[PDB]
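Only one chain is included here, represented as structure tokens and corresponding to the form deposited in one PDB entry.
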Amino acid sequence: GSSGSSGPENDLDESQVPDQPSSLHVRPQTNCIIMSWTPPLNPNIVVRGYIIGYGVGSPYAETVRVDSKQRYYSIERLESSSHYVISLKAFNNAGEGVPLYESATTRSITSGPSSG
């Protein structure tokens, strides 16, 4: 946020859902995948958290609702050499807002980054 926003909804807009994170970085690891997003360009909006929807081929394989404080989530217990679609979206008393999609293909344990 800004100016250390500590406290309940004072001069924000909860009636409306939180917009997507200005940006969502995701790094597909061997058996894990770390992701770091940011708050809505509009600090005047209420944010109860974010819905982390990741999954192999489809971001609807595993969902994880975190707090509005979590700026990043490390997805572990994943496979290697597979596409992992990550979809992060902000949620609040109003519900869910413009969901943000992403892509992250895990790594490969066995040596060999590419054929060529």
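Residue positions are given as counts along the sequence shown, with the first one as 1.
What follows is about the form deposited with a partner chain bound, which we do not show.
- Proximity to its partner chain in the deposited complex, defined as a heavy atom within 4.5 Å, singles out one entry of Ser58, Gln29, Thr38, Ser68, which is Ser58.
- Scanning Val85, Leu78, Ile45, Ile52 against its partner chain in the deposited complex with a 4.5 Å heavy atom cut-off leaves one residue, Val85.
- A residue is said to contact a partner when one of its heavy atoms sits within 4.5 Å of a partner heavy atom; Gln16 fails this definition for its partner chain in the deposited complex, lying far away.
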